[PDB]
Amino acid sequence: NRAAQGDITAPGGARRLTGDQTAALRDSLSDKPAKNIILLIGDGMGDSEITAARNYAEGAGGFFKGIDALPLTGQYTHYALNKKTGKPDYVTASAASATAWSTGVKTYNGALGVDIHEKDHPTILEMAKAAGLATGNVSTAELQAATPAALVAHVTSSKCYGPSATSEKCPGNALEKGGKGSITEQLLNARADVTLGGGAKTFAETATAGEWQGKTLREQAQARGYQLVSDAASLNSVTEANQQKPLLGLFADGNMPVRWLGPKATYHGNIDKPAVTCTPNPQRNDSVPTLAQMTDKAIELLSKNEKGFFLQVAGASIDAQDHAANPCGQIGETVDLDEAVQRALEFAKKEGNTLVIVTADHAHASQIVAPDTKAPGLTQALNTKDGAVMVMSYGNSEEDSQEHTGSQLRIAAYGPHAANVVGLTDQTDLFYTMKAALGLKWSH
Amino acid sequence: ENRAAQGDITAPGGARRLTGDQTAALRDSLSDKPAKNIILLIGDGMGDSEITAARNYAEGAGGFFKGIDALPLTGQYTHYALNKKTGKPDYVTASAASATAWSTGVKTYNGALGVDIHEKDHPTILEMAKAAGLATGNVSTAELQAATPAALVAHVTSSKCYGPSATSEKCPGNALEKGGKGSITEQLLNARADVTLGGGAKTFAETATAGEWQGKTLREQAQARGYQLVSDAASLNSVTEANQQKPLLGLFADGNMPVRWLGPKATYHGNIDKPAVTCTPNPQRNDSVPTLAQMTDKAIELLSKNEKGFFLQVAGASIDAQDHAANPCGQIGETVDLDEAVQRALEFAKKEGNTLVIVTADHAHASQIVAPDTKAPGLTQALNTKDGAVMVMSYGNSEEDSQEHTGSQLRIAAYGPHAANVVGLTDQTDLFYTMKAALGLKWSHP
Ligand SMILES: [Zn+2]
Ligand SMILES: [Zn+2]
Ligand SMILES: [Zn+2]
Ligand SMILES: [Zn+2]
Ligand SMILES: [Zn+2]
Ligand SMILES: [Zn+2]
Ligand SMILES: [Zn+2]
């Protein structure tokens, strides 16, 4: 536990440490191999997003029982490359960054599972599947979006969701042109044991060529022996997920609804509008499973594999709400991810050979600023758990979308080989850290 | 020891900063043994964004700070202050409340220096190290009366109480002539650190209204209390002792010492409407003005002579000043200036073996690294980095002439004995207790 000791106004009352950490940190360090890996990604969850969400939901002296409970921490760099020059591009897109940790190769903004030469590389999910391990891919967003897709697809443009967009924007990857296919076609080919998220609308599209030509991708999946679940009741009813009966969960047309509702940040919002208190999103049906609910069922099904498993969990709507300059939606998705991190650690502590990693693909726009601030961008005053006002600001874009930032950010880990996230590392080091931990070998 | 990119950042594994497994090396970095010395280096407003922007510019994205990034044990720490009336958190701290938190282990309100929300003074880590017979050093690139060096030697209810003039008016409770301990400078001279180096010479021109050295300038008071006064690099070098008999006071500027790099101020649509900038040495900085590393190196040399040990604090204060000024070049230049000082500290620590070196910031700041094409509402600028690529920096949290601090948790890094105590999530106040325990210091207030 790293919460404040007691009276934050008294000497020592704000301390998060109870004593010396040397002995406990020594015991946290293991050279032994990981049987399983649980990688949790908060999309755009920079140190600012963690602090804003803790300050709001848990109080400044508060503590995330998930996100902040990982003992070994560091900062890692996530710059992408300029496709023409091969030089760094200091602000990565979600796809170039997801490619970096899933393949250990940097790439250009737009690329998914391919380097700057458009050459595809095997992913940590593919290599784990090759070694006989169970594979899980869970996201709160569309399964075709950057984070879940980087594990199962190789396309020259991250916009190549289905056959329609692929033929037009990735002619080289289009199935009817000799290519591996759209992100969804490649996802179905990849055959992860557990795939849960949104992006049901692309499964409505039909294949232009191949073995399941003229049938919807939804129909292709059914014909290929997949289990299709669309709500929390049916997801719960699943008892097995393997290579014979793989599980595909489609819980939204696009992105699954955000858990918290609040207004969008506005120009002088902290001055001109009242302090906001986040409310549960009423449009969200209770039948839509949460990230922790999906994480928990994935963990359950994947741990039946005696050789081990690799699971990736993506709190993708953190980024979406940061883009939308919506502090409530953004904080809500950080809280949603914290619940999933808690499930992962609960499991890891009990199992003993599970490496849990919690990080982000890049930093984002949101900043915590003084309540009195007169900023040129979009702002909002929020009423936190402390009973004090916090002002959040979005001042890096005049367009309707707030943008990613290139700041290095927190990488945290628990379990075997977790020492490899401490100090300064690169997003690509994460790939090799995972590969080594599971004792995987290059395969495609 | 090195965390630069392996080779070809475009090739698989070429961008890796790791050469192998880090478990064994991190096990060896962990020491339960006590620290003979501590070197605390503070980059004022040096959030993770400031570290990245500087590295990207000066060393390349796959680059590495031989100082700042060479500390093996790392974590994130929280630096919120308190609202004086409610005692509730104030999510964005000023420099003085944050400096008070790590130097006393007590949170305080924005304005306070060395005092809690009740205006009650608490002993500082410098005071306790001095009480146990250790040598004490306080080095900064800005005014010695400013937040970071001041939090170690003064207790005032307003950080603006530099000299007797401002104190009588804004801190009547602390004013010497009203029974108080005095202005920041009066308290600094009383604190008698063995080594004090920085700016803020103009306040030493003021005379005391009351006390033992009434009617004499604070500069004359220092001389009368056996201090050594140095004002340039040549004189700093000429110093040989620095103890309680002959303490050293270095005043290298009237106010803040000039920044090392010159670049234009960020402007509205600067990345679009103005050419990419390349930072140039500041022509207003004389070579006679000592650098942070030069001051750090002489302080380490003089304090080392103490057989019982020493406590040294080093403040790269102008990082904040240039972030406030939305000047990417000045800001990056001062992060580079601090990296040189961190290098001196580690060079020393690695050789000595019992020195705990800590590198952190008092709070985060405004600057953000954004896409080159960005159309931002605030102030922006395009910069030509070591990579031969353009980096755009943005300042979008203030319409006023000063960019503001941010409340994001930030990096804390450490090397040496008890360095494990910065790993994971901690509080700025945990740093005080980490340093107290490492040196085996006991609560004392002379
Ligand atoms: Zn992203
Ligand atoms: Zn593949
Ligand atoms: Zn995004
Ligand atoms: Zn500051
Ligand atoms: Zn005192
Ligand atoms: Zn020297
Ligand atoms: Zn400041």
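All values below come from the heavy atoms of this structure, side chains included, with hydrogens, waters and symmetry mates left out. Numbers restart at 1 for each chain; the letters A, B, ... are given by sequence-line order, proteins then strands.
- Both the backbone and the side chain of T426(B) come within contact range of chain A, each with at least one heavy atom under 4.5 Å from a heavy atom of that chain.
- The parts of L26(B) that come within reach of chain A are both its backbone and its side chain, each placing non-hydrogen atoms under 4.5 angstrom from that chain.
- Contact of the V359(B) side chain with the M46(B) side chain is registered, since non-hydrogen atoms from C-beta on lie closer than 4.5 Å.
- Proximity to chain B (any heavy atom under 4.5 Å) is restricted, for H268(A), to the side chain, taken from C-beta onward.
- No hydrogens or angles considered: a donor-acceptor pair under 3.5 Å links the side chains of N421(B) and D20(A).
- With a 4.5 angstrom heavy-atom cutoff, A14(A) touches chain B via backbone and side-chain atoms both.
- For chain A, no part of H363(B) is nearby; none of its heavy atoms comes within less than 4.5 Å.
- Of the two parts of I8(A), the backbone and the side chain both hold a non-hydrogen atom closer than 4.5 Å to a non-hydrogen atom of chain B.
- Side-chain contact annotation: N109(A) with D89(A), donor-acceptor N/O pair under 3.5 Å present.
- Using a 4.5 Å cut-off between heavy atoms, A69(A) makes no contact with chain B at all.
- Only the backbone of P72(B) comes within contact range of chain A, with heavy atoms under 4.5 Å apart.
- Looking at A11(B), the atoms closer than 4.5 Å to chain A (heavy atoms on both sides) all sit in the backbone: N, CA, C or O.
- With a 4.5 Å cut-off on non-hydrogen atoms, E403(A) does not touch chain B at all.
- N271(B) and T380(B) are linked by a side-chain donor-acceptor pair at a separation below 3.5 angstrom, with hydrogens and angles left out of the test.
- Ranking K375(B), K107(B), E400(B), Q403(B) against chain A, the residue ahead of the rest is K375(B), based on heavy-atom pairs under 4.5 Å.
- Heavy-atom pairs under 4.5 Å with chain A were tallied for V392(B), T385(B), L431(B); the largest tally goes to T385(B).
- Put simply, of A25(B), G388(B), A413(B), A24(B), the one with the most heavy-atom pairs under 4.5 Å next to chain A is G388(B).
- When each of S394(B), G20(B), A389(B), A5(B) is checked for heavy-atom pairs under 4.5 Å with chain A, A389(B) comes out on top.
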